[PDB]
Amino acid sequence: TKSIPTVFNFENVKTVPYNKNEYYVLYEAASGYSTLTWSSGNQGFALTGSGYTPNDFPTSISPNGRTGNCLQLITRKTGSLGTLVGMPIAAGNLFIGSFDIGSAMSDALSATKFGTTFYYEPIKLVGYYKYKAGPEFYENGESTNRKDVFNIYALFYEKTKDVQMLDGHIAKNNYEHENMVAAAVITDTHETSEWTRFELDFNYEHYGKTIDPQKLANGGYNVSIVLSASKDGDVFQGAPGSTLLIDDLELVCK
């Protein structure tokens, strides 16, 4: 049993081809730890057009980070086909888990699967952000000056035989689920061009669960971190151009 890293730097990417496009998959490797390979909706975005390079995608990295490179989440307008299949935008996102491309077009919420095996009890998610909403908010068949907001949260839950992963419905249901143990959700979400610290405490008291120390050691608990430039971009309410930069993210554990 090796733990994933708990400190995330956003330095590293590999380039992956799909549908005549290429995009980045971010990963974090540390000595004595299992490499975390982040997921995002980038493969879903690859379906909506051709000739995209990594920096056209909703999820990429920037060299203008606080320490070195940083996460760059930019909500994107989709290519011709996206609209016609009801995918007018694609939120700049990053999460722990996986992206099911079989669901990207029919059920966006199901496509983003959240979780990886975690042996610790997390207490807080700390990191730094910058955020600027895009100028036109897409909602319904309309483009408005509604001010887009971003989301940051983390999940800690108990696995069961028929519940191995959660998905995007968790953020549409007040973070409620029968397997849920703790959740950390950002509340202050203001725009800024200055690196701004966040510190989200995990709330175990809201769910009233009892941790099994054995099952925790046996790998029966998953954690996830989910980041998005557009809070409601999962249901295609968001602004193209909405940019969330994240750097020096750490899952502080017990």
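The first residue of the sequence shown is number 1, and the count goes up from there.
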{"item": "Between 188-196 and 211-219 (mean CA B-factor, as deposited), the higher", "value": "211-219"}
{"item": "Entry-level comparison of average CA B-factors, 92-100 and 160-168, reporting the higher stretch", "value": "160-168"}
{"item": "Largest Cα B-factor, entry values, listed residues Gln43, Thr67, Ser60, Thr37", "value": "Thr67"}
{"item": "Residue of maximum C-alpha B factor among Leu71, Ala133, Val85, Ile74, per deposited coordinates", "value": "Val85"}
{"item": "CA B-factor placement of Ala30, once the chain's modelled residues are sorted into thirds", "value": "highest"}
{"item": "Where the record places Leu155 (Cα B-factor, split into thirds across the chain)", "value": "middle"}
{"item": "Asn203 by Cα B-factor - lowest, middle or highest third of the modelled chain", "value": "highest"}
{"item": "Third of the chain, ranked by Cα B-factor, where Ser224 sits", "value": "lowest"}
{"item": "Lowest, middle or highest third - CA B-factor, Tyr138", "value": "middle"}
